[PDB]
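So you know, we letter chains A, B, ... as the sequences are listed, proteins then strands, and number each from 1. The basis for the numbers below is simple: all heavy atoms, side chains too, and nothing from hydrogens, waters or symmetry mates.
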Amino acid sequence: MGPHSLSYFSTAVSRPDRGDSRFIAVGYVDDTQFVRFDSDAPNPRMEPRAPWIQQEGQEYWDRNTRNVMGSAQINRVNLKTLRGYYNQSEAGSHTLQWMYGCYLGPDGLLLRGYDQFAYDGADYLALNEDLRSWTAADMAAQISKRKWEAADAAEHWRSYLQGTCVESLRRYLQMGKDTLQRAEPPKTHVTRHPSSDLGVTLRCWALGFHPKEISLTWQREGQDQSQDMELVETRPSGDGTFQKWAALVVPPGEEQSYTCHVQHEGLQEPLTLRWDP
Amino acid sequence: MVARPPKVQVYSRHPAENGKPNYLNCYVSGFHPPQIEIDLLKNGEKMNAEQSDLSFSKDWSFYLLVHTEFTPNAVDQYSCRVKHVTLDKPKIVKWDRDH
Amino acid sequence: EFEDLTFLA
């Protein structure tokens, strides 16, 4: 397979015109979103986004709501502090992004933990792999680093990532076992399209697959064709599966000299296919 | 840092067949800052389509999915229209069955 | 499970 993970992705945006900010947090197990929070929602709560989390009881929902509400407040202050460190105008909107989480090893222990920040899209501050020290991107982030050293923030993170994060992840994998722990292989085929030159486009499709990780390549006589190929970003189907394609222009009549190759964890071994009308 | 423009793909969930109900997707990715307007259009008019919760990739760039039910036929045209600070006019991508 | 102590920058 590959390692499973639990992650949270949060976005804070300042709104000077309104005297406030907006905080949006989403949680994922692997490629599957399962919770959301939006501080603009009336009566804002942590809310379910996958069916298998709805079995958690009231204490879970109250506790998670209290903790994400508190983060939204702290991140509103952090927006103001960072504006000051950079001597930016009070009228402009800025963005503070936060990502943290845990990957699970094959023995059930933490494989890798992370906790990191960006300001206006640029790296700001990050927890090192050791979970015992921080790396700052500039003179402003050094100020924040010294506060977190003084407060022993790393000890708290180390404890959360090795303990609560891994433990929660293992519970969610069990609650959603029938969907999360099952891979679905791609359905594949090659199409042919008349093209603006006397070249023909061949397009290799992979459809209906989970998880999202996949390789699609083209060869002619053992020779990889990546330098002239268009490969689109992997995209959601909307039902928990994904799609991708790879296309290239070939001379007319020569279509069957080309092979598409597909690798995915749902396949028993790698696939070779060609234009097969 | 400099703002990052959106990539846009418009596509159906299942292979399109005229007269058969399906789902129409506009996937928008790679952009920064997160303020953006994404509209699915039917014959150039805005459809009332659901939008996913704001999230981002490991390089900090944002992604959104806008989606709704539709039944394709031989007549109607569909497209996606995106407005962002990096775009001096709206970006319009047409739906066709081959992409 | 969401973390429970968000730090001031």
Side-chain angles (χ1 to χ4, degrees), chain A residues 5-15 18-80 93 95-102 115-117 156-157 160-161 163-177 179-180 236 238-240, chain B residues 34-36 38 48-56 62-68, chain C:
Chain A
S5 64
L6 169 60
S7 283
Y8 291 92
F9 303 86
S10 305
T11 306
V13 171
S14 62
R15 304 192 297 203
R18 296 160 72 159
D20 74 356
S21 65
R22 188 179 185 183
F23 188 79
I24 295 159
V26 297
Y28 285 82
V29 170
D30 295 338
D31 301 312
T32 303
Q33 193 193 338
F34 73 106
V35 288
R36 69 177 181 193
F37 176 81
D38 179 356
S39 71
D40 275 359
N43 304 322
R45 301 281 303 166
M46 190 76 90
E47 294 179 337
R49 302 285 279 166
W52 50 261
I53 200 66
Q54 295 176 281
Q55 64 193 86
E56 288 284 0
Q58 197 63 47
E59 286 168 275
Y60 172 94
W61 290 111
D62 288 350
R63 182 178 63 251
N64 279 260
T65 296
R66 170 75 192 79
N67 292 328
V68 75
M69 282 172 166
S71 296
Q73 296 173 161
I74 295 297
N75 257 24
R76 179 175 304 182
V77 184
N78 290 349
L79 279 159
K80 299 166 51 181
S93 181
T95 312
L96 180 60
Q97 290 161 278
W98 175 35
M99 55 188 163
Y100 68 89
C102 52
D115 173 36
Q116 55 188 136
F117 298 79
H156 174 87
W157 277 101
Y160 171 82
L161 292 162
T164 301
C165 192
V166 165
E167 293 170 356
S168 305
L169 176 52
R170 292 181 67 265
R171 289 175 85 259
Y172 302 146
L173 285 165
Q174 184 68 23
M175 302 161 54
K177 184 178 179 139
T179 55
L180 300 170
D239 59 3
Chain B
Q35 296 83 16
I36 198 163
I38 303 161
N48 194 30
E50 187 177 346
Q51 185 171 297
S52 67
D53 305 322
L54 187 69
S55 191
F56 55 87
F62 295 97
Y63 64 82
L64 287 170
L65 180 68
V66 172
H67 61 273
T68 203
Chain C
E1 182 68 28
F2 208 84
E3 63 87 43
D4 70 357
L5 196 66
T6 303
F7 296 93
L8 287 166

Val13(A) to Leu79(A) - nearest heavy-atom pair and separation | C-CD1, 3.9 Å
Could you tell me whether the side chain of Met99(A) reaches within less than 4.5 Å of the side chain of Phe56(B), counting heavy atoms only?
-> yes
Supply the atom-to-atom distance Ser5(A) OG to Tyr28(A) OH, rounded to the nearest 0.5 angstrom.
-> 11.5 Å
Checking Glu1(C) side chain against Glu3(C) main chain: does a donor-acceptor pair fall under 3.5 Å?
-> no
Knowing that exactly one of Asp38(A), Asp62(A), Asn64(A) qualifies, which makes a side chain to side chain donor-acceptor pair (under 3.5 Å) with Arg45(A)?
-> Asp62(A)
Under 30°, 30 to 60°, or over 60°: which ring-plane class applies to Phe7(C) and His156(A), parallel, tilted or perpendicular?
-> perpendicular
Let me see the working for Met46(A) and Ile53(A) under side chain to side chain contact (heavy atoms under 4.5 Å, CB included), right down to the final yes or no.
-> CA-CA 12 Å; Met46(A) 190 76 90; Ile53(A) 200 66; over 6 Å; no
Note: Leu6(A) and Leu169(A) closest approach over all heavy atoms is N-CD2, 3.8 Å
What is the ring orientation for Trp98(A) with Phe23(A), classed by angle as parallel under 30°, tilted 30 to 60°, or perpendicular over 60°?
-> tilted
Decide if atom CZ of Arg170(A) counts as having more than 12 heavy atoms of other residues, nucleotides or ligands within a radius under 6.0 Å.
-> no
Gap separating the CG atom of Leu54(B) from the CZ atom of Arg22(A), nearest 0.5 angstrom = 8.0 Å
Hey, could you give me the OH/CG distance between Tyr160(A) and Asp4(C), rounded to the nearest 0.5 Å?
-> 9.0 Å
Please indicate whether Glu59(A) has more than 12 foreign heavy atoms, meaning atoms of other residues, nucleotides or ligands, lying under 6.0 Å from its CD.
-> no
Do the non-hydrogen side-chain atoms of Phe62(B) and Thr11(A) ever get within less than 4.5 Å of each other?
-> yes
Do the charged groups of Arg171(A) and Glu56(A) touch, with an N to O distance under 4.0 Å?
-> yes
Scanning both residues in full, the closest heavy-atom pair of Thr6(C) with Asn75(A) reads CG2-OD1, 4.4 Å
Hey, is the main chain of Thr164(A) close enough, under 3.5 Å, to the side chain of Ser168(A) for a donor-acceptor pair?
-> yes
Flag the pair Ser52(B) / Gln33(A) as yes when at least one side-chain heavy-atom distance between them is below 4.5 Å, and no otherwise.
-> no
Do you know which two heavy atoms are closest between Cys165(A) and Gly101(A), and how far apart they sit?
-> SG-C, 4.0 Å
Check against side chain to side chain contact (heavy atoms under 4.5 Å, CB included), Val26(A) and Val35(A) | CA-CA 6 Å; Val26(A) 297; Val35(A) 288; over 6 Å; no
So how far is it from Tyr60(A) OH to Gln54(A) CD, rounded to the nearest 0.5 Å?
-> 12.0 Å
To the nearest 0.5 Å, tell me how far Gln58(A) CD sits from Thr65(A) OG1.
-> 8.5 Å
Calculate, to the nearest 0.5 Å, the distance between atoms CG and CG belonging to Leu161(A) and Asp115(A) respectively.
-> 7.0 Å
Report the C-alpha distance between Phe37(A) and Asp53(B) in whole Å, list the side-chain angles of each, state the deciding distance to 0.1 Å, and finish with yes or no for side chain to side chain contact (heavy atoms under 4.5 Å, CB included).
-> CA-CA 9 Å; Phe37(A) 176 81; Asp53(B) 305 322; over 6 Å; no
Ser39(A) to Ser21(A) - nearest heavy-atom pair and separation = OG-O, 4.1 Å
Step by step, would you call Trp52(A) with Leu180(A) a side chain to side chain contact (heavy atoms under 4.5 Å, CB included)?
-> CA-CA 10 Å; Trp52(A) 50 261; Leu180(A) 300 170; 3.8 Å; yes
Nearest heavy-atom contact between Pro34(B) and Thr95(A) is CD-OG1, 3.7 Å
Flag side-chain contact, heavy atom, 4.5 Å: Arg63(A) against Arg66(A) | no
Are the aromatic ring centres of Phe2(C) and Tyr100(A) under 6.0 angstrom apart?
-> yes
